[PDB]
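show me how the following folds:
(chains A and B, ligands or ions: 4)
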Amino acid sequence: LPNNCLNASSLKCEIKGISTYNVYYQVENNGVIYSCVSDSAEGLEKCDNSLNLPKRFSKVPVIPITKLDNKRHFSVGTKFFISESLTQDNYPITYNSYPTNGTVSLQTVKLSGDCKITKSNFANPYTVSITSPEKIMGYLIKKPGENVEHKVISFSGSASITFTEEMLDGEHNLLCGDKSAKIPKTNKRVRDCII
Amino acid sequence: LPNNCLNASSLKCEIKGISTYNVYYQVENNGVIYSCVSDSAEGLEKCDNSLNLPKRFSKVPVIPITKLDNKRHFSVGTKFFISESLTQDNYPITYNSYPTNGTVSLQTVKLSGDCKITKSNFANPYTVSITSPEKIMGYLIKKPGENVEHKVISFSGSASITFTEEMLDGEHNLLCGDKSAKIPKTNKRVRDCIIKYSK
Ligand SMILES: *[C@@H]1O[C@H](CO)[C@@H](O[C@@H]2O[C@H](CO)[C@@H](O)[C@H](O)[C@H]2NC(C)=O)[C@H](O)[C@H]1NC(C)=O
Ligand SMILES: *[C@@H]1O[C@H](CO)[C@@H](O[C@@H]2O[C@H](CO)[C@@H](O)[C@H](O)[C@H]2NC(C)=O)[C@H](O)[C@H]1NC(C)=O
Ligand SMILES: *[C@@H]1O[C@H](CO)[C@@H](O[C@@H]2O[C@H](CO)[C@@H](O)[C@H](O)[C@H]2NC(C)=O)[C@H](O)[C@H]1NC(C)=O
Ligand SMILES: *[C@@H]1O[C@H](CO)[C@@H](O[C@@H]2O[C@H](CO)[C@@H](O)[C@H](O)[C@H]2NC(C)=O)[C@H](O)[C@H]1NC(C)=O
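Residues are numbered from 1 along each chain as shown, chains lettered A, B, ... in the order given. Ligands and ions are numbered 1, 2, ... in the order given. Below is the structure:
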């Protein structure tokens, strides 16, 4: 019964770690430290070392990056996941209110889900549509290397994106989940022209 | 520099852990320990604890399981991956001979890739075919919650999977990459009849 973790305001707790999309905390109760990870940020506002805890965690679908090449081009932050311990000392954790045993590890993250970057946008070639079936789905335009941790945008059923004059250089990328599409370099003149 | 790792044979290498799909080892060149993770066990035969090393670690594409409900249905073994340490102290390891920074983390992994399954021509009614665009691809029929390790079959391009009596119970799932399919209960004797007399 991991109910100790969902009511952390009542008890003593330590924020053991804050990622981009979730938080690692342990609460102390009955003399028994209970370790936990959640997406909420709610009722942990009083915990030790909670100061930087954001108001809200994004809650878009994301998975860990497995190919190290891809970090630069696809990284969209960090998040905690339940791994298993190298020593046989696995201790029980609660992940988003699911009970398990394991060890917590932080891991750099790429966007996941099913999204549709529609390359043909004829009505205005600089207003592009994005459509996904998922309840919630996330996009982000990212030159490879830029720190864009909290710059992700969540769009639910469908969306439409107009590129800023800044982003139009050849090296930016429209990441929307498992999909990824290179943004072409618009000439110095033409860019000023359109606006 | 991975150069020190990839030359396992020479140095005092200590196998520090074996997983279903890769191995964690650290070697020793002139007083500095280099932790490493590798997707094949060439070399390392004399390494300190090579006793349990597969001859081949499978190279089928797998990613880590994030939604922990799936684990029961999708398990397909465990693989080392590289993570960033919770404490600020991340150290240098080489992961499949790429130098980078972090900490070694072990996770339970599901199959990933592209393969599709509905297949063939109303024939070999107990056989279906799996086709995949990628170079290598994995499949595995797993009753949810089975002990499967190095039970995963590497196939390229195409394969045809002829079910058995056991699989045809209403409980086994055909795991192939990103897909799963449920194998339903057949009338065993209808099958039994067919296998018996037909060509
Ligand atoms: C704070 O802790 C108590 C102690 O567990 C929780 O009481 C549980 O309430 C949940 C309902 O959400 C039930 O599943 C359990 O039957 C209760 N367990 C008990 C009484 O031991 C309480 O609910 C927690 N706070 C919140 C908001 O759920
Ligand atoms: C981790 O959680 C599991 C889940 O209960 C504990 O594993 C044992 O699981 C069996 C089967 O459900 C039970 O019969 C045992 O009573 C469980 N053991 C205990 C102590 O509850 C496991 O022990 C937990 N803790 C660890 C592994 O340190
Ligand atoms: C494996 O490690 C050893 C280090 O002890 C390397 O040994 C020497 O490398 C030099 C060139 O760097 C050669 O000229 C020698 O013939 C090697 N042997 C000895 C006994 O000194 C060896 O080259 C390494 N193998 C690699 C890097 O592939
Ligand atoms: C792994 O991280 C360490 C730091 O934890 C790196 O050491 C840094 O090296 C860069 C460039 O060589 C310097 O700018 C930093 O000042 C160093 N930091 C410290 C704390 O010494 C190390 O280079 C990293 N390893 C790799 C392979 O990138």
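
ok, now which ones touch the nearest residue to residue A:79 once chain neighbours are set aside?
Spatial nearest neighbour of residue A:79, excluding adjacent residues (CB to CB, 6 or more residues apart in numbering or on different chains): residue A:21 at 4.2 Å. Quick note: C-beta positions are derived from backbone N, CA and C, even for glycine. Residue A:21 makes contact with A:39, A:57-60, A:62, A:77-79, A:109, according to CB atoms under 8 Å, 6 or more residues apart in numbering or on different chains.

what's the distance between the residue nearest the centre of chain A and residue A:150?
By CA atoms, centre = their mean, the mean C-alpha position of chain A lies nearest to residue A:21, the distance being 4.8 Å. Distance, residue A:21 to residue A:150, using CB to CB, to the nearest Å: 10 Å.

between these two, which contacts overlap?
A:58, A:77.

domains in chain A, as residue ranges please.
According to automatic domain parsing, chain A comprises the domains A:3-110, A:113-194.

just the strands in chain A please.
Counting by DSSP state E, chain A has strands at residues A:12-18, A:23-29, A:32-38, A:62-64, A:78-83, A:91-95, A:98-111, A:116-117, A:127-131, A:138-141, A:153-154, A:158-162, A:173-176, A:179-182.

in TSV: those strands, plus mean neighbour count and distance to residue A:51.
What follows is those, written out as TSV (neighbours: other CB atoms under 10 Å in any protein chain shown; distance: least, CB to CB, whole Å):
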stretch	mean neighbour count	distance to residue A:51
strand A:12-18	19	9
strand A:23-29	20	13
strand A:32-38	19	17
strand A:62-64	23	25
strand A:78-83	23	18
strand A:91-95	18	23
strand A:98-111	20	19
strand A:116-117	16	38
strand A:127-131	16	35
strand A:138-141	23	27
strand A:153-154	14	25
strand A:158-162	14	34
strand A:173-176	22	31
strand A:179-182	14	35
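
and of those strands, who's closest to ligand 4?
Nearest to ligand 4 among these is strand A:98-111; the distance by CB to the nearest ligand atom comes to 14.1 Å.

ok, the closest one near ligand 2 or not?
Yes. Among the residues of strand A:98-111, residue A:101 lie within reach of ligand 2 under CB under 6 Å from any ligand atom.

hmm, that strand in reach of ligand 1?
No. If you take CB under 6 Å from any ligand atom as the test, strand A:98-111 misses ligand 1, and the best it gets is 12.2 Å.

now the angle between strand A:12-18 and that strand, please.
30 degrees (axes from the mean of the first three to the mean of the last three CA atoms, to 10 degrees).

next one: residue A:157 from ligand 1, what distance?
Here residue A:157 is placed at a distance of 31 Å from ligand 1 (CB to the nearest ligand atom, to the nearest Å).
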